[PDB]
Amino acid sequence: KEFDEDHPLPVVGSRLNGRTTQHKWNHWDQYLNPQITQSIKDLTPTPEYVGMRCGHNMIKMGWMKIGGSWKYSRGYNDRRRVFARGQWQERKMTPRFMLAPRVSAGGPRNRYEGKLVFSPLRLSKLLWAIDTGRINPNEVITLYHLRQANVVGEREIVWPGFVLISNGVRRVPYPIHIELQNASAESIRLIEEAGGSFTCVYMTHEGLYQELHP
Amino acid sequence: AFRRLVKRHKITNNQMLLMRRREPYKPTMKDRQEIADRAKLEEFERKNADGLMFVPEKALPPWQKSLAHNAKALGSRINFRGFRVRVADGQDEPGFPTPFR
Amino acid sequence: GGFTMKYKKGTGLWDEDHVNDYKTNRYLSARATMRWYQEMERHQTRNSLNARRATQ
Amino acid sequence: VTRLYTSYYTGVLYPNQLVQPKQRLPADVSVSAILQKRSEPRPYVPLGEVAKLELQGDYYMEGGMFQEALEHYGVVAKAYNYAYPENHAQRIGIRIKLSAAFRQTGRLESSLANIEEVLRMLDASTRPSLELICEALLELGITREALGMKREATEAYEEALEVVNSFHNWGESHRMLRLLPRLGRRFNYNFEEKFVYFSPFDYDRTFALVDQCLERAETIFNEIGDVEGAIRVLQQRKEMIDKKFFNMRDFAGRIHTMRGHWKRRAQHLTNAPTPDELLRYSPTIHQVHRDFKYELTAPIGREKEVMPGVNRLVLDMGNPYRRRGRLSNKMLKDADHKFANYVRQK
Amino acid sequence: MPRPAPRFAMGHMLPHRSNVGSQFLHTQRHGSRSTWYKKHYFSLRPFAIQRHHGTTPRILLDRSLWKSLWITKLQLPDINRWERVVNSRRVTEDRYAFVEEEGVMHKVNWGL
Amino acid sequence: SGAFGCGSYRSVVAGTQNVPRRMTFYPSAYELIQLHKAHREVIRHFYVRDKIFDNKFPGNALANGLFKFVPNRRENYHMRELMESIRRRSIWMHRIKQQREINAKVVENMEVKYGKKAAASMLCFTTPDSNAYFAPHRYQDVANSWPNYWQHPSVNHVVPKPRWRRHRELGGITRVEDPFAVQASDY
Amino acid sequence: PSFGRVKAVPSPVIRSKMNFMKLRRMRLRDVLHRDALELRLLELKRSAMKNXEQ
Amino acid sequence: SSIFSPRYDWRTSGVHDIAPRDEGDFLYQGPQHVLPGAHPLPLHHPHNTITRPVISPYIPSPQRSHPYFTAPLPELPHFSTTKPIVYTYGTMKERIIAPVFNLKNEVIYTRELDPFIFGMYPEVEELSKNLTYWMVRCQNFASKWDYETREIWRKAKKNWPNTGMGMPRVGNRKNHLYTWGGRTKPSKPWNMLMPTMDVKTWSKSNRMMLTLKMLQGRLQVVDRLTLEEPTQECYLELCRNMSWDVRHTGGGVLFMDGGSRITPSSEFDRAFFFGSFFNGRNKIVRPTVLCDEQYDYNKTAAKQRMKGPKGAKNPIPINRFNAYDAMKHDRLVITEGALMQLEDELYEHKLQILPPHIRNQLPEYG
Amino acid sequence: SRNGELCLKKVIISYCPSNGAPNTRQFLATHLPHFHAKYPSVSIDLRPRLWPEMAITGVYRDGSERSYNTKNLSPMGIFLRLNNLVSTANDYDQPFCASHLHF
Amino acid sequence: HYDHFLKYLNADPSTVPXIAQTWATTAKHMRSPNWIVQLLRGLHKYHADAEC
Amino acid sequence: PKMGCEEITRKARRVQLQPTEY
Amino acid sequence: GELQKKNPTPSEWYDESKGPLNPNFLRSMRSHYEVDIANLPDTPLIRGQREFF
Amino acid sequence: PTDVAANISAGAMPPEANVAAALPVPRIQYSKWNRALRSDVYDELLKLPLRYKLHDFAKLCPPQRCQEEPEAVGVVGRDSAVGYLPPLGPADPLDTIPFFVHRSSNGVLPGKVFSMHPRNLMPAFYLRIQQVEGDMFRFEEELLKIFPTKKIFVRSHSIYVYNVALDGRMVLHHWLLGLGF
Ligand SMILES: [Mg+2]
């Protein structure tokens, strides 16, 4: 800071002060004033994007520079080429999949043909949809009604349809008449005590497709 | 199997040209291995100072919880006290009296 | 051959819809735009007329 | 490796150390005119040693030894009056400090006399510092409220506010401090470089002076019972701090750790337009003067204002297909005549 | 946005085949160089000769390159004339040369 | 057929007594949106089916009177897409009409139990933030919901007010008279 | 106690978060100053409008 | 070169002739000297109201939220939107009213705009997604061909033994090491990729670009886009009367022809479409901001004889509105039919965007 | 500056007022008045060019010239290099050594 | 019980019922005597119900 | 390769789009 | 016709309190009024400040 | 904040509290489809010093009264087992909130938890709030008051709070509901 007005400090730049490129409008500037968005080069991607990969992630060395040293990386070559090694654990002991026995010829949780693996449906989710206004409680709710109200996506609908699970709900305030498959005993009890009615409409594949595309 | 390409560091003091080790106040490799073993053993002994607290079925590892639950859900459906299922898996016996026991 | 969405081909509001056009340019002159419209209409009309001729 | 900092460690070069200039009053407007419109409705001197003495004097004043601060200020003010010509910035500042010391010791009449002399010297000066004038009339207001002139103290505080709202730039203090969080390239450690903060009370002393002015004005208004004045002063104080925060505002760049790309600091450290100057000189209100004498393009009607040339013959439009065969050249036949009729004179 | 469009495949970079690169990165052809005027590493950039790359030019001057090489008679119909773009047109003036006269730069007829 | 809200043949066979249901008021906003878009879809299907050729170039002007669909594909399109969309629109209409009848019954019961104004006030779905979506000029003094917050009248004091003036010598250009501030440039 | 290298932390990450917390407390001091100004102004406006209505 | 390089400042003399030319060079008079082009902000395109004139009631000012009317004028008839106005999370939360222009370059009446369309405040990331997709798509993919080692036509036999002569060990020597060979991973049109654009992001970015044009003040609403004759001279006369700089160098024009207010249509006017073909900076686009859902029936390379880039097989057509063309063309002319079509196609979208406690009030409000 | 006279005589700046690279235009808008008010005797000649040379030149009183490159350089850096021009005399180039501390 | 009694004494008059219910639930979970559980449930009911 | 090389003047086997894995 | 007969002079919209007007829009609106609309002074004319025309 | 197992081993608590030492107290978990508001969390929020008022927990909780009504009237606020309620608005009318928080299409609050590099399944998480409108920086300052020791970034679209889990999301949702969103 200058002691006196008569003796100002010199303007003799430093490297950090002089070696500075020109300013390009960033997201904050363009959001604050949209008048300076005049070219296609202003429309830059998210600032989390650095750019293209400019180096080699040579293992056990880090991110090395292009054109640098290659004499201390053959694991990087064995990473590029699919050829692999690693017998330091196999030299004496057998692998864990060879040591473990098989519980059955199909394996645990084997999804054999017609295993009845339902996708879960939260009773809390159903009540939330009803309170929101997606589902009309004046009518009998079915999987078609759920799919049309967009409560469940087509990704989740796999035979057999669904199971009503009472996770996070201990009391249903209004009577609800719903048709599903294999609802839990607790959820059925909650609906019955509220005054509604559940019907386990266990349908085949053709029946499911006909109910979803009437 | 250590780094053959030595790491370079900005030399701010001329004695950094002389020093070979980066952190001289840090114990050597085997010494700090022994130190870590000793510290982890002391922490384990502190954790086991109190006896093996027996745990209910819900606070069990996944590979035991549902097995122990299914092994007695049938008897639990009928509410009467004194029904015990001697499941093979579960917590092992400590071998001595425990305040939690 | 193979599977292609013929049930979607020709379903758009205009001829350019549902056409796999990968030979374009970011700037098209007057002649380029005229030829683009010409090629879209020609693609549609050739498809339709060839199908009709084969069927008849 | 951690640093104990036992030996002498040279400081680091950081953009916060940039020499910030002083806000100067324009040459046309004068403090005398402001006061009138408010009332309408060199020889050698051991300056290093006298600076030691003045630093000791302000240390005494901050510690509470008012008489010692006053005598130190008197000595250094004699030195400055001998060393500097009439109506000098350091001269008027040191007699500001002297009037403050008088007021703190209890010689309120002499304090008021010295501060009025400061005001007349500011009027005589050409382009006085905004911080200097604000501090001068702040001392004036405090002396007035010590004498018992509470309305005049509030008037002085309000004129400080009206000067700082009309001549002070609220964004120039953090022009080079706003994009500094973009220098941090590490997220697990050393992540305070992404959250570096610089308080405006240290980089804009005029802001702190006017803040204290408004605080004292609000206190006086609460003592008197002027809810309207208290609300006005608090509103203005809130507006000032909001302007400061807004000029400090900025979005976030990359969050996580970036390796390499050290040459991006050239782009990071730049004369980034502050929000204030951006909204002031938006290219639509402060338009860019564009003379077609030095250009090769002009509006439709102003065809002859283009840069002149010797023997200019309009050949045609640069139709890139003219290089092709006779059929392409036949297709590009009447375009030139139609363009001529399109850009004909009115 | 599901997998936003890659910035490297935006058609603004036709680089030499390097060590690193994505499968969707279109590099320069084998045997071809990235920069057209860089016959050697010390080759200069032509002053007024412009090679239109990518899209079709809106205004093509007679001395600029587009899908063509440099031929003297084709790119310079009259060597004493200089063509430029004035008001979205091809306007041709007399080519001149700058010479020092009385301490300033003065324009003289280039051919003469 | 479980498409309508009455119940499926499976529930009919089960004999579950779900006939007397609690009549609750339901505005059917989601159903009305779906009906709107299904109506648009049906109209667009009819348009794309009735599209006939209209070529503007002489090379393609030979078939300017025909349908762009061959007769077989036109028939198949009409048989699948058009009438499936019509059936979906009809399902939506049926559901909304059923709900409107139930809502009329509920409104009548509420009017005979409490009164006209009381029933209207109980059935009104107004939320204290409805102005933020339907009339923000009445919500400005509540909260700042502007994307450009600095221009909100509460925070409007931060935006600078330059002193612009037109210059005839520059061609009517507006220019700001505010002098620039000196910048820190060296250290 | 804020003298250079105020303490010996058990880890440089702890040092980093200590510096981060220092900067955060500075920013919070400024924010709390502004918010106290706003709260006092709001209470004054409330009292003034009440006394005006009464 | 890079600024942090020794070769950056190694040119010490010879850059500037000491003598100034006596035609354009001048001296700096002082602070009051108005220099042409000088501006405090970094403007890579320093235009003003003369070079790039804005078409709006007011010049875009920081004190105004948008350079258009905020209330209907008592001397001009006001036309509300075809669909009711709803303010979502991104809308400007303020009334937008724009004048409708007659083809005689006159303001006949005024019309309300939809904040969901022209009020979606722009965001650089969304606009960047739009622009990047458009450029990567508009690239030509057929020219991405290149030779492979197995496409070199050399004898499939080792040329010489590895240990016989002083030549290096090589076999077919048709690889990239030789000037005649090809690469192992060459560029192929089917190996290139075409990006996928979702309807949500496409519509959001297009509405942000429309809002950006409205904020800059280069949006102009006309009643019709019709020509008396389908010739080019009639189109150029219309442009000259409406002050549309359709030259290759002037501020280009982007038309969105959707028909009249009473007579909207999804097809372009025939006469105007035949007349608009002019070698300049003018482009006509379809009256829509939405797009068809893109698909890919070869996601696993099942059909090997596919010639074309990986990714979406249904890309956006060329005549669609986009950020690239909107940035390239200065003025954006939109018809009332196009406005109606945009509102009709975005009504259900904004209604589904709406929150539930507000959605339940839609039939209540009408 | 020697015995009260500046060795720098002329400052050649060349820029394009219309096309692009707004760094020199920013400099002419913000820093040029400050430099001119600080050094009035230095004559600054501005040259509007279509393809301008991104460089700043200084012509001294002994006939010497010194040019700095200002391509994509900030206006602050341009101001710094202009002050470097006005500071140096461009008469010699000697190392900083013990045998050269005394001229 | 010490923690929950402090929470109950320092609770906001609008959060007292929920904190009493949480205290009763915590007692039931930790298997406190049934009379303690019933007293805590009665306290929760006293704080929650207006007529009780 | 080169522009007019005998290696490319004559035709050879043309590579096709490779099938992906399971 | 009715509106133009009723309103001879521009309404509140013809103000410079927030920013400058646009000469292009003024020349397009000239035909709606009797007074000269496009003729703007260099001063930011304000409605309540000075009576126009 | 007492170690139940330590107290049992010391003799300060009976051995029947081993269930309390092992398992947490059984409470309805907070989710996106079930707003199980916590009185203790809301009490901590009310005790924390903030600038804007917060509504009462009684107003936050949906009305729980007798279900003897024959027809469920479509009132604005009715009984809901999942705790759904429309926004209540500001707590004091003589105030202006600098920001506005929009709700989702299903009524869910914008608090959304992500992970750092979820490909390797790393247990480091963060919260992203991308529906705030108005003064995102004032929202960020209130977030600084809430989480003092966390790293918070802000952009034009989203606000990131790093190293906060579903519990942090629950605290944020509680604060927003109390504020009136
Ligand atoms: Mg299997």
# chains A, B, ... in the order shown; residues from 1 in each chain; ligands from 1
>>> residues_near_ligand(ligand="ligand 1", cutoff="12 Å", atoms="only C-alpha atoms and all ligand atoms", output="VMD selection string")
chain A and resid 104 to 113
>>> interface_residues(of="chain M", to="chain J", cutoff="7 Å", atoms="only C-alpha atoms", output="list in words")
residues 16, 17, 19, 20, 25, 39, 40, 43, 56, 57 and 58 of chain M
>>> select_by_dssp(residues="region 78-179 of chain M", states="strand (DSSP E or B)", output="PyMOL selection string")
chain M and resi 97+99-101+111-115+125-129+132-134+151-154+159-162
>>> select_by_dssp(residues="region 21-62 of chain I", states="helix (DSSP H, G or I)", output="list in words")
residues 23, 24, 25, 26, 27, 28, 29, 30, 31, 32, 33, 34, 35, 36, 37 and 38 of chain I
>>> residues_around(residues="residue 6 (chain K)", least_positions_apart="5", cutoff="10 Å", atoms="only C-alpha atoms", output="ChimeraX atom specification")
/H:152-154,180 /K:11
>>> write_last_selection(atoms="N, CA, C and O atoms", output="PDB file, in the first residue's frame")
ATOM      1  N   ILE H 152      -5.667 -54.067 -47.808  1.00  0.00           N
ATOM      2  CA  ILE H 152      -4.500 -53.472 -48.445  1.00  0.00           C
ATOM      3  C   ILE H 152      -4.061 -54.220 -49.703  1.00  0.00           C
ATOM      4  O   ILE H 152      -3.319 -53.648 -50.515  1.00  0.00           O
ATOM      5  N   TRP H 153      -4.516 -55.457 -49.910  1.00  0.00           N
ATOM      6  CA  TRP H 153      -4.225 -56.227 -51.121  1.00  0.00           C
ATOM      7  C   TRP H 153      -2.715 -56.414 -51.305  1.00  0.00           C
ATOM      8  O   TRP H 153      -2.092 -55.900 -52.233  1.00  0.00           O
ATOM      9  N   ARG H 154      -2.141 -57.155 -50.364  1.00  0.00           N
ATOM     10  CA  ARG H 154      -0.769 -57.625 -50.466  1.00  0.00           C
ATOM     11  C   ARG H 154      -0.747 -59.124 -50.206  1.00  0.00           C
ATOM     12  O   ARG H 154      -1.670 -59.683 -49.610  1.00  0.00           O
ATOM     13  N   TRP H 180       1.894 -47.448 -47.240  1.00  0.00           N
ATOM     14  CA  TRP H 180       0.810 -48.000 -48.039  1.00  0.00           C
ATOM     15  C   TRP H 180      -0.195 -48.800 -47.224  1.00  0.00           C
ATOM     16  O   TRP H 180      -1.295 -49.067 -47.720  1.00  0.00           O
TER      17      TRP H 180
ATOM     18  N   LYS K  11      -8.859 -53.990 -55.557  1.00  0.00           N
ATOM     19  CA  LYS K  11      -9.820 -54.305 -54.515  1.00  0.00           C
ATOM     20  C   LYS K  11      -9.291 -55.420 -53.616  1.00  0.00           C
ATOM     21  O   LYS K  11      -8.420 -56.205 -53.996  1.00  0.00           O
TER      22      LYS K  11
END
>>> residues_around(residues="region 133-145 of chain A", least_positions_apart="6", cutoff="10 Å", atoms="only C-alpha atoms", output="JSON, numbers by chain")
{"A": [126, 127, 151, 152, 157, 161, 162, 174, 175, 176, 177, 178, 179, 180, 181, 196, 197, 198, 199, 201, 208, 209, 210, 211, 212, 213, 214], "F": [2, 3, 4, 5, 6, 7, 8, 11, 18, 19, 20, 21, 22, 23, 24, 25, 26, 27, 28, 29, 30, 31, 95, 98, 99, 102, 103], "H": [356, 357, 359, 360], "M": [106]}
>>> atom_distance(atom1="CA of residue 78 (chain H)", atom2="CA of residue 111 (chain H)")
5.6 Å
